[PDB]
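Trainee: The structure's right below; bear with me while I get my questions together.
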Amino acid sequence: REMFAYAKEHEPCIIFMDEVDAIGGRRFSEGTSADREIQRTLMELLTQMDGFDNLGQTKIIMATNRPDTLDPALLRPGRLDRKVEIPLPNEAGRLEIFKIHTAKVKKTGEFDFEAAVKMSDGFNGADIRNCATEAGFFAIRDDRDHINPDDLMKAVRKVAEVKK
Amino acid sequence: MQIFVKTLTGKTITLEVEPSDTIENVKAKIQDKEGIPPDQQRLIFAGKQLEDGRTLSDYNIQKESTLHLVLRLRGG
Amino acid sequence: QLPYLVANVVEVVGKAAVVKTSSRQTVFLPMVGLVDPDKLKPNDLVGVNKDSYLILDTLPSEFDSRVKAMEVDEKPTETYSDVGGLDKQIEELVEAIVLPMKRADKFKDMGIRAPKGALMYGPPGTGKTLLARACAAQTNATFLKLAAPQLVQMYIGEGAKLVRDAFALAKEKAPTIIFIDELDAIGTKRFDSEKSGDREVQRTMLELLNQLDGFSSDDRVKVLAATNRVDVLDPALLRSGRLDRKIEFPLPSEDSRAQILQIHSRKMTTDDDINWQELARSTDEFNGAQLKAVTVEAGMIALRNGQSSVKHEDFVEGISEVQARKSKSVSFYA
Amino acid sequence: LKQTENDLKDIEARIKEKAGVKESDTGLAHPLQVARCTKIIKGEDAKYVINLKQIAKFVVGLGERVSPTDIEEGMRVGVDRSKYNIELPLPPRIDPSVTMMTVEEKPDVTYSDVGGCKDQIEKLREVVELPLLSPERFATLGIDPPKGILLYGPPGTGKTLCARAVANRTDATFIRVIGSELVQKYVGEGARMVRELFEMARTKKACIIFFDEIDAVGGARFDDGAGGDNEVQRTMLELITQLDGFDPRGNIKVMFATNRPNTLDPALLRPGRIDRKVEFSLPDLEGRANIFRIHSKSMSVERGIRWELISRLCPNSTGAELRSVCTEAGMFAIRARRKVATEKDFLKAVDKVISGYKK
Amino acid sequence: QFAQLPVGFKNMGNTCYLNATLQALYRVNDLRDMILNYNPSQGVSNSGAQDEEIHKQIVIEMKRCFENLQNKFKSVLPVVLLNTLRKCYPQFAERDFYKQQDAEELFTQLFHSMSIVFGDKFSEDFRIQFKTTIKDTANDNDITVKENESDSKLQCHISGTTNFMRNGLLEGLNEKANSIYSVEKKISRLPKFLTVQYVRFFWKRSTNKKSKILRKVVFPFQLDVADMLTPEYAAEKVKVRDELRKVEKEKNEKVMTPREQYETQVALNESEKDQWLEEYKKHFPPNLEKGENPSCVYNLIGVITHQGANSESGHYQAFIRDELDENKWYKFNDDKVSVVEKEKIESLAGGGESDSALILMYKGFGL
Amino acid sequence: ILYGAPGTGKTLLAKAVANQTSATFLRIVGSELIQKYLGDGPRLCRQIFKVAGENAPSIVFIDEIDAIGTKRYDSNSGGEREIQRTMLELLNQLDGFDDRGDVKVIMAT
């Protein structure tokens with residue numbers, strides 16, 4: 001109730017719900033232990049939505065890894081209608097993010113980001129950051145705050161191999 | 001002369017005294033640096049408890065001698 | 001003077017101020033400068049009158065009991081001169097956490113961010129726990145053993161608060177390693193519709209990560225989780241500011257067993273003839289903990305024999321007996 | 001007679017007690033899991049005001065207080081599960097458990113067999129018996145004696161009986177936790193019991209903690225939970241931690257029992273958890289004979305028995321089966337009304353027992 | 001049927017301090033014997049004491065009390081002894097019943113009287129000699145060694161850190177133009193009877209009142225003090241201890257009416273005990289002083305306990321080890337006497353308001 | 001263990017013998033113990049055995065145990081482990097204690 005009232009006063013607002021399975025489950029197994037507290041919560045969100053009060057200067061954004069412990073109520077249009085999925089990047093997306101990460105970074109040599117992109121296949125910004133630090137590790141060892149082009153090629157590949 | 005008094009905490013402290021000092025004077029000196037009321041102090045030396053009107057010379061307490069300070073666990 | 005009334009506030013004509021007492025009651029006092037602004041900060045005990053309901057004084061912070069889920073051990077006694085033969089697991093471990101801690105400034109000038117975290121899986125019974133404490137000693141971190149089942153509370157949120165308090169103390173005590181017994185109760189949430197039940201565990205974890213990336217550039221706190229084997233978890237191995245690093249424990253080799261035996265043989269008597277290298281060839285697919293159990297069995301031979309030391313033979317016979325995970329004695333088949 | 005003496009005792013007790021109540025009334029007033037002196041007028045800091053509760057707090061960092069001897073007040077008092085601490089007015093015992101388990105000081109069942117379990121007994125003897133009798137031997141060698149023992153083959157093989165017997169001889173406590181009961185389905189409850197069992201264990205050191213059945217709890221961990229392996233692994237993983245995490249060896253013993261050998265994990269096998277594997281599985285012909293001979297000594301018997309012959313009819317046994325042959329042989333005699341046992345009876349009892357075991 | 005319980009002293013009202021002290025002294029064999037055989041015609045050893053006659057009367061009254069204990073008079077009332085003690089030592093006549101008193105103070109004064117009457121024959125059985133090393137904390141070339149300090153007991157200092165008697169005994173051996181000097185005692189001569197005082201009673205500053213430290217301090221049944229001795233004396237005492245241990249180990253390896261059979265068994269047990277005493281004695285050092293402990297080891301034989309807030313309140317008792325059966329202990333709760341086991345004795349280490357050890361008596365190993 | 005059939009011979013023998021020894025015949029429904037959630041059965045079983053030994057001599061009559069009559073080589077999850085916990089609890093109490101007739105059991109199937 002407080003969260004909504006304050007959203008209206010302090011509108012525009014993003015209401016960000018971190019991993020929705022606990023206020024928007026499906027039931028454990030159809031059974032209950034504590035999964036009725038989950039239902040008590042969940043009816044309140046559906047009620048505000050269905051209500052006379054309408055979402056347009058208060059926006060709610062739900063986040064969860066998996067859509068397989070969202071409730072069917074939510075998956076039905078009119079309690080969520082917009083569903084953004086997090087995709088594989090373009091070749092273009094990877095380049096921009098490599099360039100951006102190495103811009104704040106100190107380096108010997110102009111870097112060819114274009115090779116770096118080839119050396120991935122769909123790395124989003126977090127994966128790209130692991131590659132940056134990896135290069136940096138051989139630079140702490142090489143007793144420097146700079147990195148070569150040479151480091152960067154090796155670095156992106158070692159991170160790719162250790163996962164997907 | 002300088003003598004020693006092993007307090008209740010197990011620690012030795014030093015005291016400056018005269019062979020002419022009485023046990024009452026010494027207890028007063030102990031109260032000064034330890035804070036224990038003379039009427040609560042029981043001093044032992046060589047297995048004897050020291051009496052109030054006697055003096056250090058009476059007991060033959062020379063420099064560097066060690067007195068043991070103890071209180072009391074009344075009962076009956 | 002105590003007994004006094006404290007108040008645990010969580011709140012950040014003339015001006016009105018709301019105080020939340022731990023007797024779970026909201027009270028009116030004015031904030032017109034009769035009651036100063038600097039006597040309110042969230043998350044904190046502030047000192048309120050019993051029957052006059054007004055903040056005279058502020059008392060130190062506290063929310064629940066202090067160190068309720070945490071064990072505090074300021075600086076383990078162990079070293080990498082006590083734990084040794086684990087050398088390769090020392091290399092991995094040093095590159096992920098120790099170097100970002102030491103050379104924090106260097107990471108700032110370089111202008112990358114610091115990874116703060118590693119996740120280890122792979123077998124202990126080699127001195128995994130022992131290595132963790134070693135790193136703790138070397139960096140001069142405060143070692144905090146935080147048990148994942150204690151959070152996992154059946155009560156509301158309180159567990160979430162515990163995760164935040166851990167960071168809060170960890171940041172004050174910095175350097176720090178938060179060493180997490182289990183991974184089964186900040187994890188194991190599955191991908192099915194039983195991830196509903198396993199909420200408490202998703203929430204403790206999420207917060208600890210959200211909080212690390214919050215402060216990724218600064219290396220103050222380390223997080224280490226330990227298990228026998230890697231479990232199902234939410235993605236977190238893909239990001240520097242989370243638990244980036246995924247470190248494997250392999251098994252020992254002849255050089256490693258032999259160092260581990262030389263550490264063993266200081267502690268206890270020997271007849272000073274015993275050749276670790278030779279015994280190491282004689283043991284196949286032994287781990288560190290199991291070389292330590294051979295030393296005990298070598299002593300059980302000795303105990304029966306009426307010897308107070310051990311000869312080579314005494315150790316050979318020790319290996320033949322069970323250590324309960326692997327024992328070399330095979331020569332039967334007709 | 002019996003009545004006057006009981007009243008005389010009441011009268012005497014009571015007068016002391018009435019006086020003592022009034023004194024307790026005038027001041028306005030050990031296990032414990034938090035301290036709670038709900039007032040504290042008497043007693044950084046230079047006086048105690050300690051009260052550990054959600055709804056209020058009184059906090060002083062400094063314990064001790066050899067005068068007044070602290071305590072009193074709204075009584076639960078001693079050391080805290082937050083470490084503010086009633087340090088040393090009336091005996092704290094390191095956060096001491098109010099959650100019980102079954103204690104059997106000196107379990108009574110002495111030496112069911114000593115022949116034909118000859119090796120298995122001797123294993124127990126080195127680990128458990130001798131380190132209580134002489135700690136100095138163990139110390140001088142510089143070894144630490146097996147922390148944990150796994151006993152295998154079927155349970156109730158006379159596995160229990162033997163364990164109990166060494167515990168009697170040393171005057172040591174049996175601390176029984178039964179794996180199956182722990183199983184709750186409420187958040188964290190099982191693992192909580194495990195921590196308090198070890199805190200309690202350290203206090204009570206010289207004890208055999210008996211953990212019944214590892215088929216029951218900790219039977220898998222390869223699932224990565226399931227709701228019923230998730231509390232169960234939580235309890236399990238917690239219980240190992242405590243063991244390698246150190247409890248004293250050569251005092252506290254943990255003994256595990258298992259019927260079947262497919263539940264075991266690499267986590268479980270390792271030292272600092274299991275070091276010994278003692279057999280109670282399948283003995284020899286010479287061995288079966290000794291255990292038969294041993295139960296029938298106590299019995300009257302009429303002549304013509306050779307143990308060897310009785311032994312012969314077993315193609316494979318467990319210790320449980322043997323105990324059944326002597327006792328069953330006695331029953332055929334009692335039906336006929338007899339005190340003695342005969343070669344015929346023993347044969348008759350072998351035939352029945354083995355055949356039922358089959359399938 | 002035949003074994004008679006030892007008898008105790010009736011409490012006259014706050015006189016358990018005396019009763020507990022008398023049971024402990026009675027347990028000290030050599031002292032008991034010299035009191036039981038005291039003849040007033042023998043005078044005193046120290047006739048330099050101006051109050052000689054009253055010390056002699058104290059001994060006479062103790063002998064009468066001891067005769068009543070030995071010859072078990074189901075209850076002994078020490079009325080005349082108390083009156084005598086009060087004449088000699090008026091502190092014990094303080095009122096407010098008479099006031100409860102510190103058993104340590106009584107013990108000390110009784111020791112003084114027994115030393116006056118019996119002389120060295122008494123006091124040599126209890127004497128501890130020290131070698132004292134005196135070093136300027138500011139200069140470790142300024143070193144002085146004295147050999148002339150002694151006492152008749154050791155003090156076990158108890159603070160918040162103290163958990164075992166050894167801890168407190170070690171602290172008790174050390175103490176601290178002008179400078180701060182460390183004064184460090186090591187023992188150069190051990191007595192056959194070793195008295196240990198737990199320092200429990202103290203003057204509380206906060207309340208200006210007598211108080212008591214309740215802390216649990218574990219004492220051993222078999223005390224070894226080798227680490228408190230000078231290096232030279234330890235070498236001598238450890239050599240003896242190792243021979244005595246060999247005897248102990250060898251020992252542990254190995255128509256009449258019912259009344260007559262009991263009395264024969266008592267005679268047999270006394271003979272066997274005497275034969276083992278002779279075996280230990282073979283290993284005593286050649287130049288042992290009268291009253292000196294052969295080794296650095298002692299067995300506990302008695303404990304005086306107190307329960308209460310301070311030395312002028314509560315109750316004193318004695319726990320006394322049986323003279324033949326080393327596993328058997330007697331509880332003397334004034335005139336109420338009972339048999340207790342070793343676990344009850346261990347519990348006397350203290351903690352909280354429980355009855356706890358105040359004075360411990362140890363007798364040398366092999367004696 | 002009695003095996004026969006209800007109202008035919010199993011039940012008759014049990015009434016008759018129990019009455020002859022003048023012990024409280026205390027009737028447990030095996031299947032109903034059956035409670036299908038992790039907490040209910042092993043306690044139910046413990047609570048039975050406890051009250052019986054106290055107020056001895058006493059008959060624990062376990063009527064128609066058919067459903068914890070499985071044993072499994074490996075235990076996993078809640079769906080196999082529940083059943084096995086109940087079975088194991090009976091087995092351990094027997095193995096744990098010994099009684100010559102503080103507790104007598106008739107098992108029936």
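Residues are referred to by chain and number: the chain letter is A, B, ... according to the order shown in the structure tokens, the number counts from 1 in that chain, and ligands are numbered separately from 1 in the order shown.
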Skipping near chain neighbours, those fewer than 4 positions away, what residues fall within 9 Å of residue 85 in chain C using only C-alpha atoms, listed as a list in words?

Mentor: residues 252, 255, 256, 257, 258, 259, 260 and 288 of chain C

Trainee: So which bits of range 206-267 of chain C end up strand (DSSP E or B) when you DSSP the backbone, as a PyMOL selection string?

Mentor: chain C and resi 221-225+243-247

Trainee: Given a cut-off of 7 Å, which residues of chain D touch chain F, counting only C-alpha atoms, written out as a ChimeraX atom specification?

Mentor: /D:155-156,160,180-181,183-185,212,215-216,219-220,226-229,260,262-263

Trainee: Restricting the output to N, CA, C and O atoms, write the selected residues as a compact mmCIF listing (two decimals), in the first residue's frame.

Mentor:
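To be explicit, this is the file written out as part_23.txt:
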```txt
# COMPACT_ATOMS: atom_id res chain seq x y z
N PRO D 155 22.38 -53.37 10.44
CA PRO D 155 22.27 -52.92 11.81
C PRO D 155 21.51 -53.96 12.63
O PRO D 155 20.83 -54.70 11.93
N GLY D 156 21.88 -54.05 13.94
CA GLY D 156 21.34 -54.96 14.91
C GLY D 156 21.86 -56.30 14.72
O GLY D 156 21.21 -57.35 14.82
N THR D 160 25.18 -53.01 17.77
CA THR D 160 24.85 -52.19 18.89
C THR D 160 25.44 -52.68 20.17
O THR D 160 26.10 -51.92 20.94
N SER D 180 16.46 -40.30 11.07
CA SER D 180 15.15 -40.29 10.48
C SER D 180 14.24 -39.19 11.02
O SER D 180 13.38 -38.69 10.27
N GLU D 181 14.50 -38.85 12.38
CA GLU D 181 13.54 -37.91 13.05
C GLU D 181 13.73 -36.50 12.62
O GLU D 181 12.88 -35.68 12.78
N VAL D 183 14.36 -35.23 10.25
CA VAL D 183 13.73 -34.73 9.06
C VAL D 183 12.54 -33.86 9.38
O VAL D 183 11.38 -34.19 9.20
N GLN D 184 12.68 -32.56 9.44
CA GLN D 184 11.58 -31.58 9.29
C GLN D 184 11.48 -31.04 7.89
O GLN D 184 12.32 -31.23 7.01
N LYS D 185 10.33 -30.39 7.69
CA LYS D 185 10.12 -29.70 6.48
C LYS D 185 9.89 -28.27 6.73
O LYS D 185 9.01 -27.69 6.05
N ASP D 212 22.24 -42.87 13.87
CA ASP D 212 21.56 -43.98 13.33
C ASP D 212 21.22 -43.68 11.91
O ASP D 212 20.52 -42.69 11.61
N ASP D 215 21.55 -44.07 5.56
CA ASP D 215 20.61 -44.24 4.44
C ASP D 215 19.51 -43.19 4.63
O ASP D 215 18.92 -42.66 3.68
N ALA D 216 19.06 -42.93 5.86
CA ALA D 216 17.98 -42.05 6.18
C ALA D 216 18.07 -40.57 5.70
O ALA D 216 17.11 -40.03 5.21
N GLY D 219 21.69 -39.12 2.05
CA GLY D 219 21.68 -40.25 1.23
C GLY D 219 22.03 -39.98 -0.19
O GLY D 219 22.44 -40.90 -1.00
N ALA D 220 21.87 -38.69 -0.55
CA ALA D 220 22.29 -38.18 -1.84
C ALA D 220 22.56 -36.70 -1.67
O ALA D 220 22.28 -36.10 -0.62
N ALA D 226 15.71 -30.96 -3.88
CA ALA D 226 14.42 -31.49 -4.41
C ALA D 226 13.31 -31.19 -3.42
O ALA D 226 12.21 -31.67 -3.69
N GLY D 227 13.57 -30.52 -2.34
CA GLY D 227 12.59 -30.25 -1.26
C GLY D 227 12.77 -31.19 -0.09
O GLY D 227 12.37 -30.85 1.07
N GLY D 228 13.29 -32.42 -0.41
CA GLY D 228 13.42 -33.52 0.51
C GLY D 228 14.80 -34.04 0.43
O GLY D 228 15.04 -34.97 1.14
N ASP D 229 15.61 -33.52 -0.48
CA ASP D 229 17.04 -33.69 -0.33
C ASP D 229 17.63 -32.30 0.01
O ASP D 229 18.83 -32.17 0.07
N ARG D 260 23.23 -50.62 3.84
CA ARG D 260 23.42 -50.71 2.33
C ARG D 260 24.45 -49.68 1.86
O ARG D 260 24.56 -48.65 2.57
N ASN D 262 25.19 -47.78 -0.91
CA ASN D 262 25.01 -47.08 -2.16
C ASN D 262 24.66 -45.64 -1.82
O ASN D 262 24.66 -44.75 -2.71
N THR D 263 24.33 -45.32 -0.50
CA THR D 263 24.05 -43.97 -0.02
C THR D 263 25.28 -43.12 0.06
O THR D 263 25.23 -41.88 0.01
```

Trainee: Write out as a PyMOL selection string every residue belonging to chain A that has an atom at most 12 Å from any atom of chain D, counting only C-alpha atoms.

Mentor: chain A and resi 28-29+32-34

Trainee: Please save N, CA and C atoms of the selected residues as a PDB file, in the first residue's frame.

Mentor:
```pdb
ATOM      1  N   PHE A  28       4.557 -24.407  -4.498  1.00  0.00           N
ATOM      2  CA  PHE A  28       5.609 -25.394  -4.426  1.00  0.00           C
ATOM      3  C   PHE A  28       5.367 -26.671  -5.195  1.00  0.00           C
ATOM      4  N   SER A  29       4.205 -27.316  -4.963  1.00  0.00           N
ATOM      5  CA  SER A  29       3.869 -28.569  -5.538  1.00  0.00           C
ATOM      6  C   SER A  29       2.366 -28.660  -5.654  1.00  0.00           C
ATOM      7  N   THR A  32       1.351 -26.293   0.375  1.00  0.00           N
ATOM      8  CA  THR A  32       1.473 -25.076   1.161  1.00  0.00           C
ATOM      9  C   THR A  32       2.320 -25.338   2.286  1.00  0.00           C
ATOM     10  N   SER A  33       3.259 -24.428   2.688  1.00  0.00           N
ATOM     11  CA  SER A  33       3.954 -24.515   3.944  1.00  0.00           C
ATOM     12  C   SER A  33       3.995 -23.106   4.431  1.00  0.00           C
ATOM     13  N   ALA A  34       3.982 -22.184   3.474  1.00  0.00           N
ATOM     14  CA  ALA A  34       4.483 -20.811   3.615  1.00  0.00           C
ATOM     15  C   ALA A  34       4.264 -20.159   2.295  1.00  0.00           C
TER      16      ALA A  34
END
```

Trainee: Give me, as a count of residues only, the residues of chain C touching chain A, with the criterion being at most 10 Å (counting only C-alpha atoms).

Mentor: 42

Trainee: Which residues come within 12 Å of range 59-67 of chain F, counting only C-alpha atoms, excluding same-chain residues fewer than 6 positions away, as an MDAnalysis selection string?

Mentor: chainID F and resid 1:6 10:11 14:15 17:19 21:36 45 47:53 80 82:84 86:87 90 101:109

Trainee: With only C-alpha atoms considered, list every residue of chain C at most 6 Å from chain D, as an MDAnalysis selection string.

Mentor: chainID C and resid 22:23 65:66 68 149 154 188 231 268 296 308 323:325

Trainee: Which residues are near residue 107 in chain D? Cut-off 9 Å, only C-alpha atoms, ignore same chain within fewer than 4 positions. Put them as a PyMOL selection string.

Mentor: chain D and resi 163-165+167-168+171-174

Trainee: CA of residue 225 in chain C to CA of residue 120 in chain C: how many Å, to one decimal?

Mentor: 6.1 Å

Trainee: Looking only at alpha helix (DSSP H) from DSSP on the backbone, list the matching residues of range 233-326 of chain D as number ranges by chain.

Mentor: D: 233-244, 266-269, 285-295, 307-311, 319-326

Trainee: Could the residues in this selection be written to a file with N, CA, C and O atoms, as a compact mmCIF listing (two decimals), in the first residue's frame?

Mentor:
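What follows is the written file again31.txt:
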```txt
# COMPACT_ATOMS: atom_id res chain seq x y z
N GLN D 233 20.19 -32.34 2.81
CA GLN D 233 21.56 -32.06 2.50
C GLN D 233 22.06 -30.93 3.35
O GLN D 233 23.28 -30.85 3.60
N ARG D 234 21.12 -29.97 3.67
CA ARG D 234 21.46 -28.82 4.49
C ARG D 234 21.98 -29.29 5.88
O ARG D 234 22.98 -28.76 6.40
N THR D 235 21.27 -30.29 6.47
CA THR D 235 21.53 -30.88 7.76
C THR D 235 22.85 -31.59 7.65
O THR D 235 23.67 -31.49 8.59
N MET D 236 23.03 -32.38 6.58
CA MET D 236 24.12 -33.26 6.32
C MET D 236 25.44 -32.55 6.20
O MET D 236 26.42 -32.88 6.86
N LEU D 237 25.44 -31.44 5.40
CA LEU D 237 26.63 -30.72 4.92
C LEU D 237 27.16 -29.94 6.07
O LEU D 237 28.36 -29.95 6.28
N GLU D 238 26.23 -29.40 6.90
CA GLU D 238 26.42 -28.74 8.15
C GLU D 238 27.12 -29.68 9.16
O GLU D 238 28.14 -29.29 9.72
N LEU D 239 26.68 -30.93 9.34
CA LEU D 239 27.17 -31.99 10.22
C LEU D 239 28.57 -32.33 9.89
O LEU D 239 29.36 -32.26 10.84
N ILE D 240 29.04 -32.48 8.64
CA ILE D 240 30.45 -32.70 8.22
C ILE D 240 31.32 -31.57 8.63
O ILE D 240 32.47 -31.81 8.93
N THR D 241 30.83 -30.34 8.53
CA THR D 241 31.61 -29.13 8.65
C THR D 241 32.18 -29.02 9.99
O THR D 241 33.31 -28.71 10.15
N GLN D 242 31.32 -29.38 10.97
CA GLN D 242 31.53 -29.43 12.35
C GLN D 242 32.62 -30.42 12.72
O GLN D 242 33.43 -30.16 13.61
N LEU D 243 32.63 -31.59 12.06
CA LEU D 243 33.58 -32.61 12.27
C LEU D 243 34.95 -32.24 11.82
O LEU D 243 35.87 -32.35 12.57
N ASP D 244 35.22 -31.89 10.51
CA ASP D 244 36.62 -31.49 10.10
C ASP D 244 37.01 -30.19 10.74
O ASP D 244 38.20 -29.89 10.84
N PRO D 266 31.43 -39.04 -1.65
CA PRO D 266 32.81 -38.75 -1.39
C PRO D 266 33.16 -37.84 -0.23
O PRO D 266 34.29 -37.88 0.32
N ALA D 267 32.16 -36.99 0.10
CA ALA D 267 32.13 -36.12 1.23
C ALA D 267 32.13 -36.86 2.53
O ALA D 267 32.80 -36.53 3.54
N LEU D 268 31.29 -37.98 2.54
CA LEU D 268 31.15 -38.79 3.69
C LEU D 268 32.36 -39.63 3.92
O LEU D 268 32.87 -39.63 5.04
N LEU D 269 32.99 -40.26 2.88
CA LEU D 269 34.09 -41.21 3.01
C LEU D 269 35.30 -40.60 3.66
O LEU D 269 35.89 -41.17 4.52
N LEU D 285 33.39 -69.86 9.22
CA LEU D 285 32.88 -71.06 9.81
C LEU D 285 33.32 -71.31 11.24
O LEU D 285 32.52 -71.73 12.12
N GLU D 286 34.65 -71.05 11.42
CA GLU D 286 35.34 -71.04 12.74
C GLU D 286 34.71 -69.95 13.66
O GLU D 286 34.55 -70.24 14.85
N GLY D 287 34.38 -68.82 13.03
CA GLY D 287 33.80 -67.61 13.62
C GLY D 287 32.38 -67.77 14.08
O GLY D 287 32.14 -67.43 15.19
N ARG D 288 31.47 -68.42 13.27
CA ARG D 288 30.08 -68.66 13.51
C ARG D 288 29.96 -69.56 14.70
O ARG D 288 29.08 -69.39 15.56
N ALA D 289 30.94 -70.51 14.79
CA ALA D 289 31.06 -71.46 15.85
C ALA D 289 31.29 -70.87 17.18
O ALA D 289 30.55 -71.16 18.14
N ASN D 290 32.22 -69.87 17.28
CA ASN D 290 32.54 -69.14 18.46
C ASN D 290 31.26 -68.32 19.00
O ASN D 290 30.98 -68.38 20.22
N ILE D 291 30.55 -67.66 18.04
CA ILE D 291 29.43 -66.90 18.50
C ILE D 291 28.26 -67.81 19.02
O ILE D 291 27.60 -67.49 20.06
N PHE D 292 28.05 -68.99 18.43
CA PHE D 292 27.19 -69.98 18.96
C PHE D 292 27.57 -70.47 20.26
O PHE D 292 26.73 -70.60 21.09
N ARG D 293 28.85 -70.71 20.50
CA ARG D 293 29.38 -71.35 21.71
C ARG D 293 29.14 -70.48 22.89
O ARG D 293 28.76 -71.04 23.93
N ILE D 294 29.37 -69.12 22.67
CA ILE D 294 29.30 -68.01 23.53
C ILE D 294 27.87 -67.82 23.97
O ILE D 294 27.65 -67.85 25.18
N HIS D 295 26.77 -67.77 23.14
CA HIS D 295 25.46 -67.57 23.71
C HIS D 295 24.88 -68.72 24.53
O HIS D 295 23.94 -68.45 25.30
N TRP D 307 29.72 -77.43 17.98
CA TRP D 307 29.34 -76.11 17.38
C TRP D 307 29.50 -76.07 15.90
O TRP D 307 28.76 -75.39 15.17
N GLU D 308 30.59 -76.79 15.43
CA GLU D 308 31.02 -77.00 14.10
C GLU D 308 29.91 -77.49 13.18
O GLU D 308 29.88 -77.02 12.05
N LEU D 309 29.08 -78.40 13.64
CA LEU D 309 27.99 -78.95 12.99
C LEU D 309 26.86 -77.97 12.76
O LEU D 309 26.21 -78.05 11.70
N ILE D 310 26.58 -77.14 13.80
CA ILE D 310 25.63 -76.08 13.74
C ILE D 310 25.94 -74.94 12.67
O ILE D 310 25.13 -74.68 11.81
N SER D 311 27.25 -74.58 12.70
CA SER D 311 27.91 -73.69 11.81
C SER D 311 27.81 -74.07 10.35
O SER D 311 27.66 -73.19 9.48
N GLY D 319 25.64 -61.54 11.79
CA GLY D 319 25.58 -61.68 13.18
C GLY D 319 24.19 -61.77 13.84
O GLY D 319 24.06 -62.35 14.91
N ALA D 320 23.24 -61.15 13.21
CA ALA D 320 21.82 -61.15 13.59
C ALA D 320 21.20 -62.52 13.56
O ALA D 320 20.42 -62.94 14.40
N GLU D 321 21.59 -63.28 12.48
CA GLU D 321 21.15 -64.63 12.22
C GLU D 321 21.67 -65.57 13.26
O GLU D 321 20.90 -66.43 13.70
N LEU D 322 22.88 -65.32 13.76
CA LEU D 322 23.44 -66.26 14.73
C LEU D 322 22.81 -66.31 16.08
O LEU D 322 22.66 -67.37 16.78
N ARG D 323 22.49 -65.07 16.54
CA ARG D 323 21.78 -64.75 17.75
C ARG D 323 20.40 -65.38 17.77
O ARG D 323 19.93 -65.82 18.84
N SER D 324 19.76 -65.36 16.61
CA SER D 324 18.49 -66.10 16.29
C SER D 324 18.61 -67.66 16.34
O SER D 324 17.72 -68.25 16.95
N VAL D 325 19.75 -68.24 15.90
CA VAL D 325 19.80 -69.68 16.10
C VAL D 325 19.80 -70.30 17.51
O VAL D 325 18.99 -71.17 17.77
N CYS D 326 20.56 -69.68 18.49
CA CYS D 326 20.63 -70.10 19.90
C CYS D 326 19.28 -69.88 20.62
O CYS D 326 18.84 -70.84 21.28
```

Trainee: Excluding residue 3 in chain A and residues on its chain fewer than 5 positions from it, collect all residues at most 12 Å away from it, counting only C-alpha atoms, and give them as a list in words.

Mentor: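 In the requested format, the answer is residues 8, 9, 10, 11, 13, 14, 15, 16, 17, 44, 45, 48, 58, 59 and 60 of chain A.
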
Trainee: Compute the chain E side of the contact with chain D at 7 Å, counting only C-alpha atoms, and hand it back as a PyMOL selection string.

Mentor: chain E and resi 160+211-215+351-353

Trainee: Between E:354, E:46, E:21, E:94, single out the one closest to residue 62 in chain E, counting only C-alpha atoms.

Mentor: E:21

Trainee: Neighbouring residues of residue 13 in chain C were defined as those with any atom within 12 Å, considering only C-alpha atoms; residues of the same chain fewer than 4 positions away were excluded. Please report them as a PyMOL selection string.

Mentor: chain C and resi 30-32
